Amino acid sequence: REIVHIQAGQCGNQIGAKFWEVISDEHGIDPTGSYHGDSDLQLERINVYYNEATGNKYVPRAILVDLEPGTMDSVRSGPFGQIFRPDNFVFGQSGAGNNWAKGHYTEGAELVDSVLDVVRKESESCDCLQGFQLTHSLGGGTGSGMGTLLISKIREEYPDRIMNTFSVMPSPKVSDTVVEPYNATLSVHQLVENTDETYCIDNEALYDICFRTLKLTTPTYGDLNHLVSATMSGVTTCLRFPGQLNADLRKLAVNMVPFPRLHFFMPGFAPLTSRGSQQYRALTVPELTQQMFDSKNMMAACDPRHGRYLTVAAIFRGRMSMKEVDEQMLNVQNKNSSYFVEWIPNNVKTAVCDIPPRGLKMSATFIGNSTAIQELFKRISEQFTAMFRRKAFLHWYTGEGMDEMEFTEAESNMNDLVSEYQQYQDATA
Amino acid sequence: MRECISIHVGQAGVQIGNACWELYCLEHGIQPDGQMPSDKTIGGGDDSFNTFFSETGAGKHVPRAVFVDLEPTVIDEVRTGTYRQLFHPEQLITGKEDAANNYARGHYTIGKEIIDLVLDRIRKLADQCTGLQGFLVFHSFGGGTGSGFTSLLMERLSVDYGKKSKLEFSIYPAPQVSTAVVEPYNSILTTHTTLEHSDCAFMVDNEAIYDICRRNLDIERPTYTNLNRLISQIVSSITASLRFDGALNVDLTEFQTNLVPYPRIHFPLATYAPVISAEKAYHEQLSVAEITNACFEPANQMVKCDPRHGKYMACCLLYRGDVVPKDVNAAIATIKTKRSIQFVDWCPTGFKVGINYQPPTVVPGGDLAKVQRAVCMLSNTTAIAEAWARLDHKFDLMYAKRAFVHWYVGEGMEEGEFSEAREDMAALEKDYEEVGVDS
Amino acid sequence: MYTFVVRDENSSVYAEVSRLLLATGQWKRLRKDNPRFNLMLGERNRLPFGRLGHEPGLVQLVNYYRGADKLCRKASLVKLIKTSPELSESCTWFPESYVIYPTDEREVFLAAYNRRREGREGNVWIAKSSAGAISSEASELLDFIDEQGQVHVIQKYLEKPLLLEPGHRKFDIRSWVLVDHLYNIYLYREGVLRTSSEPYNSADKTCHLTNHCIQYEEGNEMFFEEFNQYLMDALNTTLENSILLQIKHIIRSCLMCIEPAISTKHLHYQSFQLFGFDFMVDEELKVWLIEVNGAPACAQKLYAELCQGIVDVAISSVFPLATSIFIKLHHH
Amino acid sequence: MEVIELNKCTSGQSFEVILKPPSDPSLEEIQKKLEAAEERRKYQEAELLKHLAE
Ligand SMILES: CC[C@]1(O)C[C@@H]2CN(CCc3c([nH]c4ccccc34)[C@@](C(=O)OC)(c3cc4c(cc3OC)N(C)[C@H]3[C@@](O)(C(=O)OC)[C@H](OC(C)=O)[C@]5(CC)C=CCN6CC[C@]43[C@@H]65)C2)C1
Ligand SMILES: CC[C@@H](/C=C(/C)[C@@H]1C[C@@H](OC)C[C@H](O)C(C)(C)[C@@]2(O)O[C@@H](C[C@H](OC)[C@@H](O)C(=O)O1)C[C@@H](OC)[C@@H]2O)CO
Ligand SMILES: C/C(=C\c1csc(C)n1)[C@H]1C[C@H]2O[C@H]2CCC[C@@H](C)[C@H](O)[C@@H](C)C(=O)C(C)(C)[C@@H](O)CC(=O)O1
Ligand SMILES: Nc1nc2c(ncn2[C@@H]2O[C@H](COP(=O)(O)OP(=O)(O)OP(=O)(O)O)[C@@H](O)[C@H]2O)c(=O)[nH]1
Ligand SMILES: Nc1ncnc2c1ncn2[C@@H]1O[C@H](COP(=O)(O)OP(=O)(O)CP(=O)(O)O)[C@@H](O)[C@H]1O
Ligand SMILES: COc1cc2c(c(OC)c1OC)-c1ccc(OC)c(=O)cc1[C@@H](NC(C)=O)CC2
Ligand SMILES: Nc1nc2c(ncn2[C@@H]2O[C@H](COP(=O)(O)OP(=O)(O)O)[C@@H](O)[C@H]2O)c(=O)[nH]1
Ligand SMILES: [Ca+2]
Ligand SMILES: [Mg+2]
Ligand SMILES: [Mg+2]
């Protein structure tokens, strides 16, 4: 039932805020936490993400963390910034300097217990807490280093709850900072061991979509983040709205993750169409379905045609006949059955929800668990070793007390993870 | 007076259960508040419907039923439905966290904490019985609760209620009818450990029920409500012997007596006819010969398989409505000649026939048209092994890679339980092959 | 487009058909254990029929009829002809035969042996089974069935066959029949004669068995065109009048008999199958059924056309893609 | 084709038409299997909490 949400660092707080902004609009909540909705379908499951305060006020079950105040003020002074519980702001002053070691071991060490206190206070207010969700980037210092420290501490207090993260991978196409492959590799190591489900949101993929597909010549984080919030709303539809699915996070993990370490998901969203003459066409289910599976629509920069899907979850939203959706989804599998492993029968599932996202008559959200995600970890691995071969920029991390061995076993873990994906790409029945 | 207690486990069992009790009430004249004006014995009585309903001093007729689910969503419906006033709160049992489509979680982790409470509520009902003959248990194969908890319950029921009969109504998984990818695991796990603890199991393939709805009822995308109201007709005609004055199958033990020669091969096939659509205004009335015939066409069976390539060990024809014996023998005379009905050489080639003069009831506003006569055929044929072979193959594909296996091991089940269940299924398949082969 | 999988590697005929399918650019082969297939060219034995027709959204068709083995097993054919009322134990085109176990008919066979030996009649019998690729004494045949741990059929040996001249040689006739998913019975216009180069001597196991395995004309095979001219010149008759009417009639009676048992009308998957019928022709131009083959090979010359015919009426009939070498044997 | 065992009642009748002649564990056991599963679970939890303490 209840989910506790944590956003850490600049990126995590940025996309975390847009997420609450978007789903608040869907559930008919205004920026002061009052309900102004029509359908009651919007309150059926409102308690999943919102706490009910005195006076018919719904407040997000959200914890906001950062090692510097800047983004705290930014969120607090924005649209839907007043909706958040004021106790649930936990920030420092030092900042992490895009340094994983500062977030994970030195500066974050002091703030971490304050966060666990708010986490603990929210968990005890839950009827039956099902688990946690974290938004953060892997390329920085706070969301990457301190976000993973939070995951580790939270898992130790709630060892049987589901742990789920929306994790933004770094790309040289978007960001300037040379040490990002270092931060990401240390983070991936923590994620393979302490999360149950991780959505891989690749800034490299988000950039190609905005630049190539959407024709945005000067992409901003606001553009990228509006893709992320749309996808985050889509993948959480079946938690926040009733209908045909009696599903929570654990059931999703059980049916999406056939092997413990292989829990990194490839997300996608339809529709995506550049401005503007095509923005007025009516979307048909056949078109939604082809777009959803198109490699160029994927939100992790990896070619799904290079590998195989272990499992797929697809969710459609809006007014549409389920018969059309059924036929179309079966068409994709029957006509391209070599891209789905045959040792997992009937391994693509569909859910349809009546309420559509704001601004769209229809939409589809894609959750793919594909062996091709290895391309993402290979890319980060290449950048890592090019630098680590010569111990370049290592002093920023050893000056915080870290050893070289810790880097060696992080790259080691990621290389094995790559190997594991490769072995089911060639596994046959 | 011999009573029967129904236990409904998991979403499927509770929703199918809700459909059955609604149908029973329409069939006996019991209203949604528990009163039946046609009952002249207030507070008691030794009538046939009393094997499924107890009576309160106030004149209310309570179902002899128990509802269990490990999460309250589905049972809350029953708690607020048309027939909420007919149940006691003590008959509705809900947890807070479900089995997550995970057998090991339903059987071992969550099951351990709730089994004694369920047994205590069942015990309360058995105490109100003077001649309790056994249990009818409804549950899916694929659910974590339906597979995992039902198994624990069956094992327990043998202990506390040894020698009492246990009958099963089981929903066989079908991708058509929304299936999780691990339902093949749950199905083999629960069949293996329940096999020794039920005396007769009525399997319903969601794929078969789905096609009847689309083909005969003209329903583009059947809902659970469509599936569940059709399943209710079959259950109602199977149990109609226990709830009505009759002579065929008056006691649960007669089901195995009449239908299960071999203990392990206790899965009779159900065929039902006619399924006519209520929208259809014409309503051409079929003869007993026509509907008897339909029982031998594959498209009317509860499991998709081909009985022409198997052997029968028992066959029962259960008619409802406007049916005279003279017509039945005449139909069997014909059916024999124009049909391939091979019995095993150790059993006699014959048919047990029951006739209930009361015709099938329909839920007002359902999808089925009211008919003058209907048949439900129960046959123990080896053709049903086809459903086990399908299921075992899907199991093997995943198990060869140990896919999803860690979810069950992490709940405290040991990996060995998998291959022990699979070997049992291999044996069950050898059993069917031996009973109906000749080369 | 459409998808198919190959599960019998050895099939010379379906090895060919799958090449025509690929040649259309509208079919694709997908491994063996992948279940999202439109067509399954299945294996000879233990074909998992129970797995077909269950994949959502896939019209599945298979190249074998579940149940047609009853017609294609020596032992079961003899039992089917005698027990089925539409064929009768007096069926005038099947040689007298009995099933003998090394249900048994060894007591009934000996009764029909002394009834003939006493009657002073030709009593040459052939004995065979379904595990192999002729005598006048019962004491010599029954001890043979015992030295072989397999069930055998003892069938009356056709003592007075029709012989070809020049050569005074024996032969049999092979007909190819195709049954589609609608149970149309299609007879392939072209047949083959399995000739024996060795002259026939009714008093040596080469001039009696005519199949190509044991062995004038190339490949000991004569085609209908030639055999037709021979009947015209030698006997003043035609192939259609004196032989093909009986062949057409035998083929209908056998397949019409088992249709209620094997028909896939109203089944969740569809079936078709190519059969081989083996016939004998005696001195009086009477045709005898020898055996029915469920997995026949084809004459090397006739692999095309017949295989192209299989895709035309059997496969493309249910999966249409963007003359007639068959004779529709009208039935029902 | 013979008819036998004809029973006639108020709400129907029954009979048999013949065509051709013919030619457990204890409560202890269960609770030991359940407690054993609880053992393996607790052992796994200890391996996780131990690895996290490191
Ligand atoms: C989505 C957030 C983003 O706005 C994305 C880009 C970068 N930054 C901020 C804004 C920005 C951009 N360019 C800037 C130049 C000066 C100051 C600021 C900018 C941005 C753009 O043009 O649209 C707004 C941009 C940036 C780049 C950018 C594209 C881009 O917008 C299209 N490139 C992908 C890289 C780049 O390194 C590259 O690989 O070549 C294409 C690229 O190189 C060249 C020769 O263009 C370039 C351009 C300054 C060079 C050196 C540093 N790298 C980092 C990323 C890259 C840039 C957009 C963050
Ligand atoms: C589905 C498995 C795995 C790859 C395959 C095989 C998928 C199949 C289907 O996916 C929508 C494509 C579909 O059948 C079409 C051909 C009609 C189509 O939509 O293809 C895309 C081009 C796409 O480029 C990426 C293609 O290469 C691709 O992704 O193919 C536009 C256009 O091309 C002509 C065409 O309209 C992706 O999950
Ligand atoms: C493609 C879209 C809609 C659409 C497709 S066909 C139709 C009638 N409408 C949606 C997609 C939404 O998921 C959200 C992400 C889109 C990002 C945009 C905000 C983007 O930054 C911007 C440049 C745009 O593309 C538009 C503002 C033109 C946007 O309205 C169209 C779009 O992509 O939104
Ligand atoms: N016919 C029918 N099948 C159902 C129904 N509900 C679920 N099923 C089927 O049962 C399987 C899922 O089992 P459920 O009963 O939903 O699960 P559960 O017993 O609640 O188990 P958990 O939720 O995992 O604890 C799937 O194959 C569904 O298609 C129903 O009302 N009718
Ligand atoms: N009843 C019979 N009378 C006379 N000759 C017979 C006969 N049955 C079989 N033969 C001869 O034996 C040959 C083999 O026929 P049989 O039915 O045994 O085939 P087979 O299964 O052994 C090999 P194939 O499948 O290639 O025909 C025939 O071609 C014929 O020459
Ligand atoms: C709460 O949200 C979801 C929860 C689940 C699923 C899912 O995808 C449809 C969701 O997101 C829409 C789901 C996913 C994948 C499956 O197989 C890969 C499966 O068998 C099964 C499922 C779900 N069950 C069904 C029948 O779809 C249960 C878990
Ligand atoms: N998609 C997206 N990525 C962001 C955003 N802000 C920062 N990033 C990325 O996050 C990484 C830097 O981490 P950041 O969150 O700034 O650092 P932190 O505050 O120390 O956690 C780089 O790869 C940035 O491109 C944002 O709003 N959206
Ligand atoms: Ca009474
Ligand atoms: Mg920053
Ligand atoms: Mg449930």
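Start at 1 and go down the list; that is how both ligands and their atoms are numbered. First the proteins, then the strands, lettered A, B, ... as listed; each starts at 1.
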Where on A/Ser137 is there a heavy atom closer than 4.0 Å to ligand 7, on the side chain, on the backbone, on both, or on neither? side chain
Check ligand 7 against A/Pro170 and write out every atom of the ligand that is under 4.0 Å from a heavy-atom position of the residue. 23 (O)
C/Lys128 heavy atom under 4.0 Å from ligand 5: yes
Side chain, backbone, both or neither: A/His136 near ligand 7, heavy atoms under 4.0 Å: neither
For ligand 7, indicate whether the residue A/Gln10 contacts it via side chain, backbone, both or neither (heavy-atom separation under 4.0 Å). both
Where does C/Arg194 meet ligand 5, judged by heavy-atom distances below 4.0 Å: at the side chain, the backbone, both, or neither? neither
Any heavy atom of C/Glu159 sitting closer than 4.0 Å to ligand 5? no
Counting C-beta onward and ignoring hydrogens, is there a side-chain heavy-atom pair between A/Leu149 and A/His104 closer than 4.5 Å? yes
What about the rings of B/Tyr24 and B/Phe53, do their centers lie closer together than 6.0 Å? no
Given the rule in the ring-ring contact (aromatic ring centres under 6.0 Å, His included) test, do A/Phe19 and A/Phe166 qualify, once you have shown the distances and angles that lead to the verdict? CA-CA 11 Å; A/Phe19 170 81; A/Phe166 295 81; 7.0 Å; no
Residue pair A/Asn13 / A/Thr71: nearest heavy atoms and the distance that separates them: CB-CG2, 3.9 Å
Is there a side-chain contact between C/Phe279 and C/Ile243 in this structure, where contact means two heavy atoms from C-beta onward sitting under 4.5 Å apart? no
State whether the shortest distance between N or O atoms of C/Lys156 and N or O atoms of ligand 5 falls below 3.5 angstrom. yes
Is it the side chain (CB and beyond), the backbone, both or neither of A/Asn225 that lies under 4.0 Å from ligand 7, heavy atoms counted? side chain
Taking the side chain as every heavy atom from C-beta outward, state whether C/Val78 and C/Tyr98 have any atom pair closer than 4.5 Å. no
Under 4.0 Å from a heavy atom of C/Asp172: give me the atoms of ligand 5 that qualify, with their elements. 28 (C), 29 (O)
I'd like to check atom 14 (C) of ligand 5 in this structure: does the protein have a heavy atom lying under 4.0 Å from it? no
Hey, would you say the A/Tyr182 and A/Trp396 ring centroids sit under 6.0 Å apart? no
Test side-chain hydrogen bond (donor to acceptor under 3.5 Å, both in side chains) on B/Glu3 and B/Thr130; report intermediate values, then the result. CA-CA 7 Å; B/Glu3 300 93 334; B/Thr130 52; 3.2 Å; yes
At the Ca ion (ligand 8), what's the angle from B/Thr41 O to B/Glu55 OE1, rounded to 10 degrees? 70°
What angle sits at the Ca ion (ligand 8) between OD2 of B/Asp39 and O of B/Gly44, to 10°? 130°
Geometric N/O contact C/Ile290 with ligand 5, under 3.5 angstrom: no
Is the closest side-chain heavy-atom distance between A/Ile380 and A/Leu376 below 4.5 Å? yes
Per-atom contacts, ligand 5 versus C/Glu291 - under 4.0 Å to a heavy atom: 16 (P), 17 (O), 19 (O), 20 (P), 21 (O), 23 (C), 24 (P), 25 (O), 27 (O)
Interfacing atoms of ligand 7 (cut-off 4.0 Å, heavy-atom, A/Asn203): 1 (N), 2 (C), 3 (N), 9 (C), 25 (O)
So, 4.0 Å and heavy atoms of C/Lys170: is ligand 5 close enough to count as a contact? yes
Should C/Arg174 be counted as touching ligand 5, given the test is an N or O pair under 3.5 Å? no
So is C/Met280 in contact with ligand 5, going by heavy-atom distances below 4.0 Å? yes
